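**Q** Residue numbers (the deposited numbering): 1 to 14, 17 to 32, 56 to 551.
For every residue, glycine included, the Cβ atom is placed at its ideal position computed from N, Cα and C.
(1) Looking at the structure shown, is residue 418 part of a helix, part of a strand, or coil, going by DSSP?
(2) For residue 340, tell me which candidate among 359, 318, 302, 315 has the shortest Cα-Cα distance.
(3) Leaving aside the five residues before and after residue 327 along the sequence, list all residues of the same chain whose C-beta is less than 6 Å from its C-beta, in chain order.
(4) Would you be able to state if there are at least three C-beta pairs under 8 Å between the segment 353 to 364 and the segment 380 to 400?
(5) Inspect the beta-carbon positions of residue 181 and residue 127 and report whether they are closer than 8 Å.
(6) Can you tell which of 477, 532, 483 has its C-alpha closest to the C-alpha of residue 497?
(7) Counting along the chain, where does the beta strand (DSSP E) carrying residue 149 start and finish?
(8) Please name the residue in 65, 3, 84, 57 whose C-alpha comes closest to that of residue 409.
(9) Count the other CB atoms, across all protein chains shown, that sit within 10 Å of the CB of residue 300; report buried if there are 16 or more and exposed otherwise.
(10) Which two residues bound the contiguous beta strand (DSSP E) that contains residue 535?
(11) With distances taken between CB atoms, is the gap from residue 255 to residue 185 smaller than 8 Å?
(12) Could you pull the start and end residues of the beta strand (DSSP E) that residue 384 belongs to?
(13) Tell me residue 210's beta-bridge partners as DSSP assigns them.
(14) Over the uninterrupted beta strand (DSSP E) stretch that includes residue 329, give me the two end residues.
(15) According to DSSP, is residue 426 part of a helix, a strand, or is it coil?
(16) Taking the DSSP output, what are the residues bridged to residue 544?
(17) Pick from 14, 353, 504, 365: whose alpha carbon is nearest that of residue 110?
(18) Is the distance from the Cβ of residue 8 to the Cβ of residue 201 below 8 Å?
(19) With DSSP collapsed to three states, give me the class of residue 434.
(20) Pull up the DSSP beta-bridge partners for residue 218, would you.
(21) Let me confirm a value: residue 205 is counted as buried when at least 16 other C-beta atoms fall within 10 Å, else exposed. Which label applies?
(22) Please confirm whether residue 404 and residue 483 have their CB atoms less than 8 Å apart.
(23) Do you know offhand how far residue 79's Cα is from residue 124's?
(24) Taking 8 Å as the threshold (C-beta atoms), are residue 274 and residue 345 in contact?
(25) Any contact between the segment 409 to 422 and the segment 436 to 453? By contact I mean 3 or more CB pairs, one from each, below 8 Å.
(26) Could you tell me whether the Cβ atoms of residue 509 and residue 488 are closer together than 8 Å?
(27) Note the first and the last residue of the continuous alpha helix (DSSP H) segment covering residue 89.
(28) For residue 157, which of helix, strand or coil comes out of DSSP?
(29) Nearest to residue 224 by alpha carbon, out of 259, 250, 276?
(30) Nearest to residue 494 by alpha carbon, out of 530, 514, 524?
(31) Pair every Cβ in the segment 227 to 242 with every Cβ in the segment 262 to 273, then say whether three or more of these pairs are closer than 8 Å.
(32) Does the structure place the segment 306 to 326 close enough to the segment 246 to 263 that three or more beta carbon pairs sit under 8 Å?
(33) Restricting to Cα atoms, I'd like to know which of 18, 114, 163, 176 is closest to residue 148.
Below you can see the structure in the form of structure tokens.
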């Protein structure tokens, strides 16, 4: 098995990604699935070593998607025959292009009555600028497209380039914690070779380890004698935790190190925070214990203890985004059976106060200065939002983005009935209810994606929530001055419905620097 007969690819799709991977394995052969090695004898008679790299889909894991892409030579771009191209589809397309990958468009679900292949092919040509003729048609239920897919991989994706004799240079594109093998890194070997007993080094840290095991999923985790230039597999080396083998980092040899690391390394970057407190019977200790265990399998999550006068003790947890938050929540409740209450999420604000030289990073609203007079300026993160929707919903969506302080930067037609929109919007407005709103007004037909584009100064203020003339720190939030009144009313009306009834009247107030701007009351229990 030579390196010229190796094919490194990944599947990119929101649109039946997992299914395809299964069909691919069954056809060839018959811990999360990753770095799968398959053997395939093509029509040309030769047998090929194929490596399938699993990639995440959501924008929250954008950096991780890019690192996985940088480990491949090609990608199967899955597009649903009915939906056609979506915002994620376009975003992922460009990231693949960005990593010089050969893109193989795969239109699946061709069987559905709603399917419209000709339309999708048209989009592939006009929007992606690819050859509609090179698109592959697939259908799980009918069982077609696999051989054609495998053949396209062999014939269209170039083999890996790298020298097995040069110093080791392996890119880490994923990882997980193994209770027996320790923290395991899923890697792509560009140069050199690695084998058990080797003394390796992590280039971003300079930390060294002794390899204990190497291999790949076949689909079971199988140990190999080594991994060489072009290979995709895993490496174990008595590594204490997944934060020591950060995605995007380069693994080389301690004594004979490669010249430069793979470019593009970036540490995990939390973007959305929320307070998490124990609920029902769950105690603080149990929540903390749960977070510690979970964290062992999540290299991106951060958290620290915090307290509220009403909620008690909890944690200010930082996530990569809303899905990541959702994933953590469900796993804490499911895996560890803990009951938790989560505050409204918030972004990281940068505040410049009068008597403090350095700008302060606020990840907890209650840490935002109470004294507005002391604030010289506040900046918040903005993102570029791309949206794809049927023409019928364009107006309602535009109005929505506009209400959320969005600035339109572009509008284009992806076909006579499909519109593409680009909007610069504050991330703070996006994490409130944008997702459910855009989905309801589009009947689930509109899609969107976004990219961080930097911080910008804004007229932001802190609002406090008082329950019975006395405030509750955990409910304080940051809002744009112009949206204050509206957010205040919404938050108040929400609490009037949220909290139950008591023997006494429950007065809810939302104050802006001392003055009340929203009031709501819950009459006595009766």
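**A** So, to answer that:
(1) By 1-based counting over the chain shown, the position of residue 418 is 393. Residue 418: helix per DSSP, three-state reduction.
(2) Counted from its first residue, the chain shown places residue 340 at position 315. Considering only alpha carbons, the answer is 302.
(3) Numbered from 1 along the chain shown, position 302 holds the residue referred to as residue 327. Taken in chain order, the residues that qualify are 295, 343.
(4) Contact between the segment 380 to 400 and the segment 353 to 364 is absent, with fewer than three C-beta pairs closer than 8 Å.
(5) As a first step, residue 181 is located in the chain shown; it is residue number 156 there, counting from the start. As a first step, residue 127 is located in the chain shown; it is residue number 102 there, counting from the start. It is a contact, given that the beta carbons lie within the stated cut-off.
(6) Sequence index remark: in the chain shown, residue 497 carries index 472 (1-based). Ranking the options by Cα distance to residue 497, first place goes to 532.
(7) Position 124 of the chain shown, counted from the start, is the residue given in the question as residue 149. Membership of residue 149 in any beta strand (DSSP E) is not indicated; the residue belongs instead to the alpha helix (DSSP H) covering 142 to 151.
(8) To locate residue 409, count along the chain shown from 1; it is residue 384. Looking at the Cα atoms, 84 is the closest of the given residues.
(9) Position 275 of the chain shown, counting from 1, holds the residue named residue 300. By the neighbour-count rule (16 or more Cβ atoms within 10 Å), residue 300 is buried.
(10) In the chain shown, residue 535 corresponds to position 510, counting from 1. Bounds of the beta strand (DSSP E) holding residue 535 are 531 to 537.
(11) Position 230 of the chain shown, counting from 1, holds the residue named residue 255. Position 160 of the chain shown, counting from 1, holds the residue named residue 185. In this structure, residue 255 lies near residue 185, with their beta-carbon atoms less than 8 Å apart.
(12) Position 359 of the chain shown, counted from the start, is the residue given in the question as residue 384. Premise fails: residue 384 is in no beta strand (DSSP E) and is neither H nor E.
(13) Stepping through the chain shown from its first residue, residue 210 is reached at position 185. The partner list for residue 210 (beta bridge, DSSP) reads 200, 260.
(14) As a position in the chain shown, residue 329 is number 304, starting the count at 1. For residue 329, the uninterrupted beta strand (DSSP E) segment begins and ends at 327 to 333.
(15) Working through the chain shown from its first residue, we reach residue 426 at position 401. For residue 426, the three-state secondary structure derived from DSSP is helix.
(16) Translated into positions along the chain shown, residue 544 becomes position 519. Looking at the DSSP output, residue 544 shares a beta bridge with 534.
(17) Locating residue 110 in the chain shown gives position 85, where the first residue counts as 1. Proximity to residue 110 across 14, 353, 504, 365 peaks at 14, based on C-alpha coordinates.
(18) Reading the chain shown from its first residue, position 8 is the one you call residue 8. Reading the chain shown from its first residue, position 176 is the one you call residue 201. No, the Cβ-Cβ distance between residue 8 and residue 201 is not below 8 Å.
(19) Residue mapping note: residue 434 aligns to position 409 of the chain shown, counting from 1. Residue state, collapsed to three classes: strand.
(20) Position 193 of the chain shown, counted from the start, is the residue given in the question as residue 218. Under DSSP, residue 218 shares a beta bridge with 253.
(21) By 1-based counting over the chain shown, the position of residue 205 is 180. Counting Cβ neighbours within 10 Å, residue 205 comes out exposed, since fewer than 16 surround it.
(22) Sequence index remark: in the chain shown, residue 404 carries index 379 (1-based). Sequence index remark: in the chain shown, residue 483 carries index 458 (1-based). Yes, they are a contact pair.
(23) Residue 79 sits at position 54 when you count from the first residue of the chain shown. Residue 124 sits at position 99 when you count from the first residue of the chain shown. Between the alpha carbons of residue 79 and residue 124 lies a distance of about 16 Å.
(24) Sequence index remark: in the chain shown, residue 345 carries index 320 (1-based). Sequence index remark: in the chain shown, residue 274 carries index 249 (1-based). If you check the CB distance, residue 345 and residue 274 do not come in under 8 Å.
(25) The answer is yes - the segment 436 to 453 touches the segment 409 to 422, with three or more Cβ pairs under 8 Å.
(26) The residue you call residue 509 lines up with position 484 of the chain shown. The residue you call residue 488 lines up with position 463 of the chain shown. In terms of Cβ geometry, residue 509 and residue 488 form a close pair [threshold 8 Å].
(27) Taking the first residue of the chain shown as 1, we reach residue 89 at position 64. That run of the alpha helix (DSSP H) goes 87 to 95.
(28) The residue labelled residue 157 in the question sits at position 132 within the chain shown. Reduced to three states, the DSSP call for residue 157 is helix.
(29) Sequence index remark: in the chain shown, residue 224 carries index 199 (1-based). That would be 276, whose Cα lies nearest to the Cα of residue 224.
(30) Counting from 1 along the chain shown, the entry for residue 494 is found at position 469. Closest by alpha carbon: 530.
(31) Contact between the segment 227 to 242 and the segment 262 to 273 is present, because at least three Cβ pairs lie under 8 Å.
(32) The answer is no - the segment 306 to 326 does not touch the segment 246 to 263, with fewer than three Cβ pairs under 8 Å.
(33) Reading the chain shown from its first residue, position 123 is the one you call residue 148. Residue 148 has its Cα closest to that of 114, out of 18, 114, 163, 176.
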